[PDB]
$ cat coords-v8.csv   # CSV, C-alpha atoms and all ligand atoms
chain,number,residue,atom,x,y,z
B,1038,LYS,CA,-30.5,-3.2,-117.2
B,1039,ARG,CA,-29.2,-2.4,-120.8
B,1040,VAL,CA,-32.3,-2.1,-122.9
B,1041,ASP,CA,-33.0,-4.4,-125.9
B,1042,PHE,CA,-30.1,-6.7,-125.2
B,1043,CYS,CA,-32.2,-9.7,-124.4
B,1044,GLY,CA,-35.9,-9.5,-124.8
B,1045,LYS,CA,-38.1,-6.6,-126.1
B,1046,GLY,CA,-38.9,-4.2,-123.3
B,1047,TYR,CA,-38.2,-4.7,-119.6
B,1048,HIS,CA,-36.4,-8.0,-118.9
B,1049,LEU,CA,-37.1,-10.3,-116.0
B,1050,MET,CA,-35.3,-13.6,-116.5
B,1051,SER,CA,-34.4,-16.2,-119.2
B,1052,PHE,CA,-34.1,-20.0,-119.5
B,1053,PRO,CA,-31.5,-21.8,-121.7
B,1054,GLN,CA,-32.3,-24.9,-123.8
B,1055,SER,CA,-30.1,-27.1,-125.8
B,1056,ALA,CA,-30.1,-27.6,-129.6
B,1057,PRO,CA,-28.3,-29.7,-132.3
B,1058,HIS,CA,-25.4,-27.3,-132.6
B,1059,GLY,CA,-26.5,-24.2,-130.7
B,1060,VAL,CA,-28.4,-22.8,-127.8
B,1061,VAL,CA,-31.9,-21.4,-127.4
B,1062,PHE,CA,-33.0,-18.7,-125.0
B,1063,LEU,CA,-36.5,-18.1,-123.6
B,1064,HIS,CA,-36.7,-14.5,-122.4
B,1065,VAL,CA,-39.5,-13.3,-120.2
B,1066,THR,CA,-40.5,-9.6,-120.7
B,1067,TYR,CA,-42.9,-7.2,-119.0
B,1068,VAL,CA,-44.9,-4.8,-121.2
B,1069,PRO,CA,-47.3,-2.1,-120.1
B,1070,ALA,CA,-50.7,-1.4,-121.8
B,1071,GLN,CA,-54.1,0.1,-121.2
B,1072,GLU,CA,-52.9,3.7,-121.2
B,1073,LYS,CA,-54.5,6.9,-119.9
B,1074,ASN,CA,-53.5,10.5,-120.2
B,1075,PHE,CA,-53.9,13.2,-117.5
B,1076,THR,CA,-52.9,16.8,-116.7
B,1077,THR,CA,-49.6,17.2,-114.9
B,1078,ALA,CA,-47.4,19.8,-113.2
B,1079,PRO,CA,-43.7,20.1,-112.4
B,1080,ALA,CA,-44.0,21.1,-108.7
B,1081,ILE,CA,-46.5,22.4,-106.2
B,1082,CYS,CA,-45.8,25.4,-104.0
B,1083,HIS,CA,-47.8,25.9,-100.8
B,1084,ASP,CA,-47.3,28.8,-98.3
B,1085,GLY,CA,-44.5,30.1,-100.4
B,1086,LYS,CA,-42.6,26.8,-100.3
B,1087,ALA,CA,-42.2,24.8,-103.4
B,1088,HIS,CA,-42.5,21.1,-102.7
B,1089,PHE,CA,-41.1,18.6,-105.3
B,1090,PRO,CA,-41.8,14.9,-105.5
B,1091,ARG,CA,-39.2,12.5,-104.0
B,1092,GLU,CA,-39.7,9.7,-106.6
B,1093,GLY,CA,-42.6,9.7,-109.0
B,1094,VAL,CA,-44.7,12.4,-110.6
B,1095,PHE,CA,-47.7,14.6,-109.9
B,1096,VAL,CA,-50.9,14.0,-111.8
B,1097,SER,CA,-54.5,15.2,-111.7
B,1098,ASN,CA,-57.8,13.8,-113.0
B,1099,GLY,CA,-59.2,17.3,-113.1
B,1100,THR,CA,-60.2,18.3,-109.5
B,1101,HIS,CA,-57.6,16.6,-107.2
B,1102,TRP,CA,-53.8,16.3,-107.2
B,1103,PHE,CA,-52.1,13.0,-106.6
B,1104,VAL,CA,-48.6,11.5,-106.7
B,1105,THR,CA,-48.0,8.3,-108.7
B,1106,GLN,CA,-45.0,6.3,-109.8
B,1107,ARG,CA,-43.9,6.3,-113.4
B,1108,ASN,CA,-44.6,2.8,-114.8
B,1109,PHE,CA,-47.8,2.1,-113.0
B,1110,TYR,CA,-50.9,4.0,-111.8
B,1111,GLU,CA,-52.1,4.2,-108.2
B,1112,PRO,CA,-53.0,7.4,-106.4
B,1113,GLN,CA,-51.6,8.5,-103.1
B,1114,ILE,CA,-52.6,11.7,-101.3
B,1115,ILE,CA,-50.0,14.3,-101.0
B,1116,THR,CA,-48.3,14.7,-97.6
B,1117,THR,CA,-44.9,16.0,-96.4
B,1118,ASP,CA,-43.6,12.4,-96.3
B,1119,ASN,CA,-43.2,11.8,-100.1
B,1120,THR,CA,-42.3,15.3,-101.1
B,1121,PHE,CA,-39.3,17.6,-100.2
B,1122,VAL,CA,-39.1,21.3,-100.2
B,1123,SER,CA,-36.4,23.5,-101.9
B,1124,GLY,CA,-36.6,27.2,-102.4
B,1125,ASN,CA,-39.7,29.3,-103.2
B,1126,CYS,CA,-42.0,29.3,-106.2
B,1127,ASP,CA,-40.7,32.4,-108.0
B,1128,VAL,CA,-38.4,31.0,-110.8
B,1129,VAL,CA,-39.7,27.5,-111.6
B,1130,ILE,CA,-41.9,27.5,-114.8
B,1131,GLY,CA,-45.2,25.8,-114.5
B,1132,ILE,CA,-45.8,25.9,-110.7
B,1133,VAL,CA,-49.4,25.4,-109.7
B,1134,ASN,CA,-50.7,26.5,-106.3
B,1135,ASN,CA,-52.5,24.0,-104.1
B,1136,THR,CA,-52.7,22.8,-100.5
B,1137,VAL,CA,-50.5,20.0,-99.0
B,1138,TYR,CA,-51.8,17.9,-96.1
B,1139,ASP,CA,-49.6,17.1,-93.1
B,1140,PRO,CA,-50.0,14.4,-90.4
B,1141,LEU,CA,-48.4,16.2,-87.4
B,1142,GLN,CA,-51.1,18.8,-86.8
B,1143,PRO,CA,-54.0,16.3,-86.9
B,1144,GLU,CA,-52.1,13.8,-84.8
B,1145,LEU,CA,-51.0,16.4,-82.2
B,1146,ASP,CA,-54.5,17.8,-81.3
Q,890,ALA,CA,-40.8,-1.0,-125.3
Q,891,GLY,CA,-44.4,-0.5,-126.1
Q,892,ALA,CA,-46.7,2.2,-127.4
Q,893,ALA,CA,-45.3,5.7,-127.4
Q,894,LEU,CA,-46.5,8.0,-124.6
Q,895,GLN,CA,-46.4,11.8,-124.7
Q,896,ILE,CA,-44.3,13.5,-122.0
Q,897,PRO,CA,-43.2,17.2,-121.8
Q,898,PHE,CA,-39.6,17.8,-122.5
Q,899,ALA,CA,-38.7,19.5,-119.2
Q,900,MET,CA,-39.8,16.5,-117.1
Q,901,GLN,CA,-37.9,14.1,-119.5
Q,902,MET,CA,-34.7,16.1,-118.8
Q,903,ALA,CA,-35.5,16.1,-115.1
Q,904,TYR,CA,-35.7,12.3,-115.2
Q,905,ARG,CA,-32.5,12.1,-117.1
Q,906,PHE,CA,-30.6,14.2,-114.5
Q,907,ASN,CA,-32.2,12.2,-111.7
Q,908,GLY,CA,-30.7,9.1,-113.4
Q,909,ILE,CA,-27.1,10.2,-113.0
Q,910,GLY,CA,-27.3,11.1,-109.3
Q,911,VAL,CA,-27.9,14.8,-109.4
Q,912,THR,CA,-31.3,15.7,-107.9
Q,913,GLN,CA,-34.1,17.1,-110.1
Q,914,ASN,CA,-34.1,20.5,-108.4
Q,915,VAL,CA,-31.1,21.5,-110.5
Q,916,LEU,CA,-32.9,21.4,-113.8
Q,917,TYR,CA,-36.0,23.3,-112.5
Q,918,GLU,CA,-33.8,26.1,-111.0
Q,919,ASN,CA,-31.4,26.5,-114.0
Q,920,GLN,CA,-33.6,26.0,-117.1
Q,921,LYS,CA,-32.6,29.2,-119.0
Q,922,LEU,CA,-28.9,28.6,-118.5
Q,923,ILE,CA,-29.1,25.0,-119.7
Q,924,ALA,CA,-31.1,26.0,-122.7
Q,925,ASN,CA,-28.6,28.7,-123.7
Q,926,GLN,CA,-25.7,26.4,-123.2
Q,927,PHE,CA,-27.3,23.7,-125.4
Q,928,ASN,CA,-28.2,26.2,-128.1
Q,929,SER,CA,-24.6,27.6,-128.1
Q,930,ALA,CA,-23.1,24.1,-128.3
Q,931,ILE,CA,-25.4,23.0,-131.2
Q,932,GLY,CA,-24.5,26.2,-132.9
Q,933,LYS,CA,-20.8,25.7,-132.7
Q,934,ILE,CA,-20.9,22.1,-133.8
Q,935,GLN,CA,-22.4,23.3,-137.1
Q,936,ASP,CA,-19.5,25.6,-137.8
Q,937,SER,CA,-16.9,23.1,-136.6
Q,938,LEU,CA,-18.3,20.4,-139.0
I,1201,LIG,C1,-54.9,11.3,-125.0
I,1201,LIG,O1,-55.7,12.4,-125.1
I,1201,LIG,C2,-56.1,12.6,-126.5
I,1201,LIG,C3,-57.0,13.9,-126.4
I,1201,LIG,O2,-56.4,15.0,-127.2
I,1201,LIG,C4,-56.9,11.4,-127.1
I,1201,LIG,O3,-57.1,11.6,-128.5
I,1201,LIG,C5,-56.1,12.3,-129.3
I,1201,LIG,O4,-56.8,13.4,-130.0
I,1201,LIG,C6,-55.9,14.2,-130.8
I,1201,LIG,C7,-56.8,15.3,-131.3
I,1201,LIG,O5,-57.6,14.8,-132.4
I,1201,LIG,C8,-55.3,13.4,-131.9
I,1201,LIG,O6,-54.4,14.2,-132.6
I,1201,LIG,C9,-54.5,12.2,-131.2
I,1201,LIG,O7,-54.0,11.4,-132.2
I,1201,LIG,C10,-55.4,11.4,-130.3
I,1201,LIG,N1,-54.7,10.3,-129.7
I,1201,LIG,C11,-54.7,9.1,-130.1
I,1201,LIG,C12,-55.5,8.8,-131.3
I,1201,LIG,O8,-54.0,8.2,-129.5
I,1201,LIG,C13,-56.1,10.1,-126.9
I,1201,LIG,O9,-56.9,9.0,-127.2
I,1201,LIG,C14,-55.6,10.0,-125.4
I,1201,LIG,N2,-54.8,8.8,-125.3
I,1201,LIG,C15,-55.3,7.7,-124.8
I,1201,LIG,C16,-56.7,7.6,-124.4
I,1201,LIG,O10,-54.5,6.7,-124.7
I,1202,LIG,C1,-60.8,12.6,-109.2
I,1202,LIG,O1,-60.5,11.6,-108.2
I,1202,LIG,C2,-60.9,12.0,-106.9
I,1202,LIG,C3,-60.4,10.9,-106.0
I,1202,LIG,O2,-61.3,9.8,-106.0
I,1202,LIG,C4,-62.4,12.2,-106.9
I,1202,LIG,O3,-62.8,12.8,-105.6
I,1202,LIG,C5,-63.7,11.9,-104.9
I,1202,LIG,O4,-63.9,10.7,-105.6
I,1202,LIG,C6,-64.7,9.8,-104.8
I,1202,LIG,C7,-64.7,8.5,-105.6
I,1202,LIG,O5,-63.5,7.7,-105.4
I,1202,LIG,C8,-66.1,10.4,-104.7
I,1202,LIG,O6,-66.9,9.5,-103.9
I,1202,LIG,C9,-66.0,11.8,-104.0
I,1202,LIG,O7,-67.3,12.4,-104.0
I,1202,LIG,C10,-65.0,12.6,-104.7
I,1202,LIG,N1,-64.8,13.9,-104.1
I,1202,LIG,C11,-65.0,15.1,-104.7
I,1202,LIG,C12,-64.8,16.3,-103.8
I,1202,LIG,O8,-65.2,15.2,-105.8
I,1202,LIG,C13,-62.8,13.2,-108.0
I,1202,LIG,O9,-64.3,13.2,-108.1
I,1202,LIG,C14,-62.3,12.8,-109.3
I,1202,LIG,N2,-62.6,13.7,-110.4
I,1202,LIG,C15,-63.0,13.4,-111.6
I,1202,LIG,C16,-63.3,14.5,-112.5
I,1202,LIG,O10,-63.0,12.2,-112.0
I,1203,LIG,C1,-52.0,30.6,-106.2
I,1203,LIG,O1,-52.8,31.3,-105.2
I,1203,LIG,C2,-52.1,32.3,-104.5
I,1203,LIG,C3,-53.1,32.8,-103.4
I,1203,LIG,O2,-54.0,33.7,-104.0
I,1203,LIG,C4,-51.7,33.4,-105.4
I,1203,LIG,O3,-50.9,34.4,-104.7
I,1203,LIG,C5,-51.5,35.7,-104.9
I,1203,LIG,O4,-52.5,35.7,-105.9
I,1203,LIG,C6,-53.1,36.9,-106.1
I,1203,LIG,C7,-54.2,36.7,-107.1
I,1203,LIG,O5,-53.8,35.9,-108.2
I,1203,LIG,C8,-52.1,37.9,-106.6
I,1203,LIG,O6,-52.7,39.2,-106.7
I,1203,LIG,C9,-50.9,38.0,-105.6
I,1203,LIG,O7,-49.9,38.8,-106.1
I,1203,LIG,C10,-50.4,36.6,-105.3
I,1203,LIG,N1,-49.3,36.7,-104.3
I,1203,LIG,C11,-48.1,36.0,-104.5
I,1203,LIG,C12,-47.1,36.2,-103.4
I,1203,LIG,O8,-47.9,35.4,-105.5
I,1203,LIG,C13,-50.8,32.8,-106.5
I,1203,LIG,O9,-50.4,33.8,-107.4
I,1203,LIG,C14,-51.5,31.7,-107.2
I,1203,LIG,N2,-50.6,31.1,-108.2
I,1203,LIG,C15,-50.8,31.1,-109.5
I,1203,LIG,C16,-49.8,30.5,-110.4
I,1203,LIG,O10,-51.8,31.8,-110.0
$ encode --input "coords-v8.csv" --output "structure tokens" --more "lines below"
Ligand SMILES: *[C@@H]1O[C@H](CO)[C@@H](O[C@@H]2O[C@H](CO)[C@@H](O)[C@H](O)[C@H]2NC(C)=O)[C@H](O)[C@H]1NC(C)=O
Ligand SMILES: *[C@@H]1O[C@H](CO)[C@@H](O[C@@H]2O[C@H](CO)[C@@H](O)[C@H](O)[C@H]2NC(C)=O)[C@H](O)[C@H]1NC(C)=O
Ligand SMILES: *[C@@H]1O[C@H](CO)[C@@H](O[C@@H]2O[C@H](CO)[C@@H](O)[C@H](O)[C@H]2NC(C)=O)[C@H](O)[C@H]1NC(C)=O
Amino acid sequence: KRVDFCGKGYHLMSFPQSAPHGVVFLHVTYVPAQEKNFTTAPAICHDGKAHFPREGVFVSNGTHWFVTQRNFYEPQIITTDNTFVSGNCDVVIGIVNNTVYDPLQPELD
Amino acid sequence: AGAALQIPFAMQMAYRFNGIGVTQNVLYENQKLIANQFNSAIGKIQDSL
């Protein structure tokens, strides 16, 4: 887990090999690429309740709001499953209003 | 690791708190206090040195 100990970037595993009077290591590393940059926000408050992401980050391509992990990009719609509520949006800086979907009401009708 | 990627500072500190166990709500509810404490500490280290 300690960075830049063996490899360059995120380490996965290594193989040892012999040598005349030494040893040789073959590290395997994982490196991201093909970047994009979007508009973000710290937390989303709906109906006076400020939902925060469990693990990940909010992003937006311009017209919709999604939650994605940090080291890879895949969009998931926002529901009350992957977000948790704490307080109200009156002191956090950068809150953006929106709507949050829930499954219980559609599945209860 | 690779190419540098921009990230606002508030979310970087939120991630760094989330790393050590404390949830990320603490930073977003106590931003001004933390900023003032950090400024005071970095001011006093100057005089101490
Ligand atoms: C991230 O978005 C910016 C848009 O501002 C893209 O281009 C940048 O443009 C500004 C303004 O001229 C420059 O100062 C930056 O150096 C540019 N970024 C570069 C060259 O990496 C930028 O391409 C986007 N990042 C991507 C597509 O990876
Ligand atoms: C941002 O992404 C969303 C999610 O895909 C887009 O919303 C829909 O995108 C699909 C294509 O996957 C279209 O078929 C729908 O018509 C879109 N719906 C709406 C209401 O636009 C959205 O278009 C994307 N926005 C931008 C600027 O790329
Ligand atoms: C997000 O939208 C809500 C719904 O309108 C806003 O809440 C009210 O917005 C009106 C018009 O901006 C204000 O006159 C009211 O004072 C707002 N009420 C409350 C309780 O805030 C809310 O302000 C919007 N959020 C942002 C950041 O603009």
$ closest_residue --input "coords-v8.csv" --among "B:1141, B:1043, B:1070, B:1065" --to "ligand LIG 1201 (chain I)" --atoms "all atoms listed in the file"
B:1070
$ residues_near_ligand --input "coords-v8.csv" --ligand "ligand LIG 1203 (chain I)" --cutoff "7 Å" --atoms "all atoms listed in the file" --output "list in words"
residues 1132, 1133, 1134 and 1135 of chain B
$ interface_residues --input "coords-v8.csv" --of "chain B" --to "chain Q" --cutoff "9 Å" --atoms "all atoms listed in the file" --output "list in words"
residues 1040, 1041, 1045, 1046, 1047, 1068, 1069, 1070, 1072, 1074, 1079, 1089, 1123, 1128, 1129 and 1130 of chain B
$ closest_residue --input "coords-v8.csv" --among "B:1039, B:1073, B:1091, B:1107" --to "ligand LIG 1201 (chain I)" --atoms "only C-alpha atoms and all ligand atoms"
B:1073
$ residues_near_ligand --input "coords-v8.csv" --ligand "ligand LIG 1202 (chain I)" --cutoff "10 Å" --atoms "only C-alpha atoms and all ligand atoms" --output "list in words"
residues 1097, 1098, 1099, 1100, 1101, 1102, 1103, 1112, 1113 and 1114 of chain B
$ closest_residue --input "coords-v8.csv" --among "Q:911, Q:925, Q:905, Q:893" --to "ligand LIG 1201 (chain I)" --atoms "all atoms listed in the file"
Q:893
$ atom_distance --input "coords-v8.csv" --atom1 "atom CA of residue B:1115" --atom2 "atom CA of residue B:1138"
6.3 Å
